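These notes are about the structure you will find just below.
Derivation of every value follows stated rules applied to the coordinates shown; laboratory data play no part. Cβ: placed from backbone, ideal geometry, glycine included. Neighbour counts: every protein chain shown.
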Number of protein chains: 2
Amino acid sequence: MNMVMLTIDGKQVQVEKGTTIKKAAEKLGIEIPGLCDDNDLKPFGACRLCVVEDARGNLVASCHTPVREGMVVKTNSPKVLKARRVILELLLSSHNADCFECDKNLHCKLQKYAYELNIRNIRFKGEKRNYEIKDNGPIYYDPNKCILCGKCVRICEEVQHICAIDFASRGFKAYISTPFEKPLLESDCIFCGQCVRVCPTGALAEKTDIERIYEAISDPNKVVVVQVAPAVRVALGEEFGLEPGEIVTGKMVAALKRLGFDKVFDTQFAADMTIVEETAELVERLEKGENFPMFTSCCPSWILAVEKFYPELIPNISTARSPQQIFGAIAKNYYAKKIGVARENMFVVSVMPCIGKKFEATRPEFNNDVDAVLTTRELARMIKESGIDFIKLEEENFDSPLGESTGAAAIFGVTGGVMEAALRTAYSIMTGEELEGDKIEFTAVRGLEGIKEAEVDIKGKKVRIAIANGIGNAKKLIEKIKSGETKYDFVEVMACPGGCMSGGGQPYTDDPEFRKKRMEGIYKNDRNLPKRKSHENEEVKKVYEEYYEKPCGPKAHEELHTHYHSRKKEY
Amino acid sequence: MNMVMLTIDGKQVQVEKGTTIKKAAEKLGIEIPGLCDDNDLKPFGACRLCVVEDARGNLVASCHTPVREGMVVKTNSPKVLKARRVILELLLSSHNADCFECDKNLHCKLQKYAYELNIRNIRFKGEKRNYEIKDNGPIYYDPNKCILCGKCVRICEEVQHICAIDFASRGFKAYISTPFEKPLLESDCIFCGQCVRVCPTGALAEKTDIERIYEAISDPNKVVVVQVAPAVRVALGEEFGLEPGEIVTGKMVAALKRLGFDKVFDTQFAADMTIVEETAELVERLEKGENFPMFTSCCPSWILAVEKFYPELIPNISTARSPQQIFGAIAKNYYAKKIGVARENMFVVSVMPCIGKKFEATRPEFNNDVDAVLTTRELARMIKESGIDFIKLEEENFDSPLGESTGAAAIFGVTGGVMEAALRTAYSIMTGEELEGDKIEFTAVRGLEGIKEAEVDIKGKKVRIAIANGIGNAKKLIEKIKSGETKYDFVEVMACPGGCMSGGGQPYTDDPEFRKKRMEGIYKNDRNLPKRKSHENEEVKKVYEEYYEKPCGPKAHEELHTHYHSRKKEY
Ligand code: SF4
Ligand code: SF4
Ligand code: SF4
Ligand code: SF4
Ligand code: SF4
Ligand code: SF4
Ligand code: SF4
Ligand code: SF4
Ligand code: FES
Ligand code: FES
């Protein structure tokens, strides 16, 4: 091993060779500001705001200069501060200053740096950016506030391997867009929502359906039922000053009950129903031994990717609905006749951490089962708007008769958790017995690796299980499968890297290790529940024996399944 | 005690009769927004943003509504939210939106309420407020961001009884002004800074001089000494997310060392200098028995209030300088000859929590001993500017030979702690012995009462002592003295209510009970020290025996004394 000695602010530093000055100065109790840098991306050097001076007398960037042995650098010299002040004055000279009306208010990094570097009087006044905004679906793009940091194109090209947007024009009028300024829906985008999560300004944000929620609640002839996702309860607490990984289920239930919503349920019931349907389909397919491999259809971004780029995989993907639409069908068809409320007077609201769900809700194939879709940020805005203090609430429980949950549906917010639930139910449906002890947990499908392969043995029969997180890794698996190197049986894809815990709806964070904390939170949540199996739930059995009488029945085929059509129109 | 039964948002409430419907709902884990209300002021009802809905169906204000038996109210009805949204749109329609240049950025309450209530598109665009910025000294007034809440007028009317500013004009063009738009120096202001502390916008701020500090640092031939106030050690941590009242001495010393300052010192040394000099003066005045009562000179605002309103008490004021100017004279007179530097080439910077110090630094009669002054908020902004992480610093001590101190000089940030620091020294100098055990602490001069009185018996000799915090209580006690009811010996006055811990330079807080926490922090800091007596300090005695040889000497009269001249201009 090779170690490197250097001096920073007159202090001796030992660092491993090859790390940058920004990374090497983390343990020294100092932080260099920068806008174009992220922990998941390569250095770009477009902000030029992270400059520090070496011994010679010139300023160099600190995010892409490797540490060489025997240099002295300074961080609080007056020249560096002057350069940073002038650079932020230049940035702020052409920014439309409607900070009252910005969705990214109180979380914008540019605003924090404008406060932090003591800017009080901008001498450069003149031409401002003046473009026209247009709708794009669930993604609201305002090119008046862009600073051309390049994070969105880098996260859409280097990680996602999709290349949906890129730079355009030259000079002062350069701007990031699609080909020929077309809307994102008919472009090559798949609505993963990663570009929204990394934008340091308010250029990229979410279309809001807040007014429709308030008009629906204000109407005295409409009954409102609201569902929450499994992955919201672990990261909702970041807005209110708590560390990530805290379980706030009861507090959020109390907040939802006090917000005016008539009924509060959870997706975990529909999640268990989806698991039952998927494992029935898997058992049937394995008995016939046809259409290998079989893909899961629980991620709207994945199904958009299949419909847009790979139309040949349409026969091989499952026909099961998303859990959101499953709960919508249950609420509009079975619960409504039980309570005695007309279908035209029922409102269903969902809280999900994804952005693909916002587009998925308005697909004409689903007959408008879900009316409006929220995100975690919108729910956190409701709580502050209504004045509810989140810290000192009293925890309550979910309503009846479909609020009770199991431990199999509590790990959908982690990559491969659907696979653990599928193996948990498949072991019981094949072997006939129930796993007890450490055999309940499948540790072979846990972690944060890009590709997760497993050879699962059930009563002497071995099956192949493949998990891919990230669209690029899914493309790699597609290339390997079409190459015919090996054959799998049951393959999961989630477009967001790391699972739904890192979707576009989750609150913004600065810690570089939020994924590990959220995984620990979800797993500790799952370990704190008496029931760990999907089929052991009673209410799912009551719903089946009350209305459908059989999984994968003709009524279930009518309501619990859908068909996909290829969107890859030829040129 | 008579209790009242009611319901608020469907929850039963038990509260005493007489509380409003906003202050009696804070203990239900719910809080309704408001801008015109503060815990130290009578309700005024100018925001009209704290409205709720009663049973009848008309919107009623909450900050001035007494509660009676039998009301049902709701604070989350759609009508109330719509009214609040429209009212905030009306406010932000006429606000100059340069939130990058605003000194109150990331702490403005209007910004936070614009974020909370989900404002996205201002429909009412029209004529804005267009006034002209004028200079006033240490108070920077910008009547373009004023929302006419009236907090400054009420706090200069109800508490201070100074009557410096008042409303002017009518209609849309009304504003806050002095008579005839004269500068605040020539008006009846006394520069207490309370109006700065309560302003919920960026209208009233500080004239910030970080720039001059920066070319002072960048000059290679100038040597910089920075001094810190006793009341800063208990309030800086609130700027970094800590609980108020945490002792952060070592952390702020490390931060000041890393900021480029050549030498760092505490002003407790000069404070003990002032204590021993004032004790000598008090012993002298007791021996002659003339010019009673005698007033302290530790507060510049008190001196201004005397020079403007009560010019007949000038012969009765102590001639001792403030500790800041005494430390400046020591640094520019004794320390400079010891190190071997020219007097013009020494730069003295102070970090004090008061606002009147900014004006006091530039008096022509002090011969420009100090060059620039700061407050705690600017110190925190500099710390965050250089990138220093305050949480993970290492404790380090002061410099030499003016770094160490005693416990008598650490309680200046409390109403009463100055005379409590002088009674021990007077006891020691007149009796000849030193207090032991719990007799060091005097429990009769601690608390938060408006006027504190005590009769202290020392060796059979009784002295009458009085404390007045707040200029209103000072005026009351001056009226009592001029009435001739009782005779005093030694009177302390601090202009800000609650002592120097509630100055204008301290960080903004929303907790209603910050004064108790700050007092507890100060007392814990005092009790965590080995030496508790000003006389037992070593370097004070060394300085006298090397340069003065006697307190109240001709050299001390030349350098540690000043004279006051009346400012009451005849009309
Ligand atoms: S949503 Fe995903 S695919 Fe679409 S532009 Fe953003 S990063 Fe690229
Ligand atoms: S759109 Fe957002 S992420 Fe992309 S360059 Fe502009 S500011 Fe950066
Ligand atoms: S992007 Fe940031 S600085 Fe720009 S308007 Fe929005 S909040 Fe203000
Ligand atoms: S992984 Fe989850 S958050 Fe990401 S696109 Fe798929 S469903 Fe949405
Ligand atoms: S007072 Fe508040 S809202 Fe107005 S410009 Fe300053 S920070 Fe923005
Ligand atoms: S500084 Fe004090 S006296 Fe002067 S206007 Fe403000 S509150 Fe009134
Ligand atoms: S100057 Fe500040 S405190 Fe005074 S009325 Fe205007 S906004 Fe209110
Ligand atoms: S009491 Fe302290 S903070 Fe207030 S004006 Fe006097 S010296 Fe300044
Ligand atoms: S973000 Fe580091 S050089 Fe631009
Ligand atoms: S601000 Fe409370 S009633 Fe006006």
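Taken over the alpha carbons of segment B:71-128 as equal point scatterers, the Debye sum produces base-10 log I(q)/I(0) values at 0.19, 0.22, 0.27, 0.30 Å⁻¹ of -0.77, -0.94, -1.21, -1.32. With its label point put 7 Å out from Cα toward Cβ, A:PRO66 sits 7.9 nm from the same residue's point in the other copies, in order from shortest.
Over segment A:37-105, what lengths in whole Å, largest first, do the semi-axes of the equivalent ellipsoid take, defined as the square roots of 5 times the eigenvalues of the alpha-carbon gyration tensor?
Working: eigenvalues 166, 56, 15 Å².
Rounded to whole Å, the semi-axes are 29, 17, 9.
Which links in A:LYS257/B:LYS151; A:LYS251/B:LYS392; B:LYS151/B:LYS482; A:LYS74/B:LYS222 stretch past 30 Å when you go from one Cα to the other? Working shown, then result.
Numbers: A:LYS257/B:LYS151 37 Å; A:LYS251/B:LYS392 32 Å; B:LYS151/B:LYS482 32 Å; A:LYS74/B:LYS222 19 Å.
Check vs 30 Å cut-off fails for A:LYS257/B:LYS151; A:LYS251/B:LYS392; B:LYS151/B:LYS482.
What FRET efficiency, computed as 1/(1 + (r/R0)^6) with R0 = 45 Å and r the Cβ-Cβ distance, is obtained for A:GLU284 and A:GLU157, rounded to the nearest 0.05? Display every interim value, and only then the final one.
On the way: r = 40 Å, r/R0 = 0.89.
Once rounded, the FRET efficiency stands at 0.65.
Helical content of chain A, expressed as a calculated mean residue ellipticity at 222 nm, amounts to -8000 deg cm²/dmol (DSSP H runs of 4 or more residues, -39,500 (n - 2.57) each, divided by residue number, nearest 500).
Please name whichever of B:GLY460, B:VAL543, B:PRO507 sits farthest to the positive end of the charge dipole of segment B:445-571, dipole taken about the Cα centre and charges placed at Cβ: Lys and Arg +1, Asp and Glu -1. With unit charges placed on the Cβ atoms, the residue in question is B:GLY460.
Annotation: segment A:516-560 has a Kirkwood hydrodynamic radius of 12.9 angstrom, from the mean reciprocal C-alpha pair distance. Note on A:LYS459: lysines with a C-alpha under 26 Å away, same-chain residues under 8 apart excluded, are A:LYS288, A:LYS439, A:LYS487, A:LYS531, A:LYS533. Using Cβ point charges alone (K and R +1, D and E -1), the dipole size of the protein assembly as shown about the Cα centre works out to roughly 1980 debye. Residue and distance for the chain B Cβ closest to the axis that moves B onto A, in whole Å, come to B:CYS99, 2. Charging the Cβ of each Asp and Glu at -1 and of each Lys and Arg at +1, and nothing else, the dipole of chain A about its Cα centre rounds to 2220 debye.
One-quarter of the Cα convex hull surface for segment A:119-266, in nm²?
Details: hull surface 54.4 nm².
Result: 13.6 nm².
First obtain the Kirkwood hydrodynamic radius of the protein assembly as shown from its Cα pairs, then insert it into the Stokes-Einstein equation at 25 °C and 0.890 mPa s, and state the resulting D in µm² per second as a whole number.
72
Dipole orientation for segment A:73-208: of the candidates A:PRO179, A:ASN144, A:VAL86, A:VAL86 has the Cα lying most toward the positive pole (charges on Cβ; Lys, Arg +1; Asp, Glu -1). At the listed q of 0.17, 0.22, 0.26 Å⁻¹, the Debye profile of segment B:360-430, built from one uniform point per Cα, gives log10 I(q)/I(0) equal to -1.11, -1.13, -1.08.
Shielding of peptide B:90-98 by partners, expressed as the average count of other chain Cβ atoms within 10 Å per residue Cβ, is 2.
Mean partner shielding of peptide A:69-75, defined as the number of other chain Cβ atoms within 10 Å of each residue Cβ, is 1.
Answer with one residue from A:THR201, A:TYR214, A:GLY260: the one whose Cα lies farthest towards the positive end of the charge dipole of segment A:192-267, charges on Cβ with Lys, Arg +1 and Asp, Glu -1. Positive-most Cα among the choices belongs to A:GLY260. Here segment A:297-413 is treated with +1 on each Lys and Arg Cβ and -1 on each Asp and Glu Cβ, and its dipole about the Cα centre works out to around 240 debye. Inter-copy label distances for A:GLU441: 5.1 nm (label point placed 7 Å from Cα along Cα→Cβ; shortest first). Whole-percent P(r), segment B:311-410, all Cα pairs, 5 Å bins from 0: 2, 9, 14, 19, 20, 18, 11, 4, 2, 1, 0. Distances from B:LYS338 to the same position in the other copies: list them in nm, one decimal, shortest first, using label points 7 Å from Cα along Cα→Cβ. Once sorted, the set of distances for B:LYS338 reads 8.4 nm. Each principal axis of the Cα atoms in chain A has its own extent, and those three values, largest first, are 79, 61, 57 angstrom.
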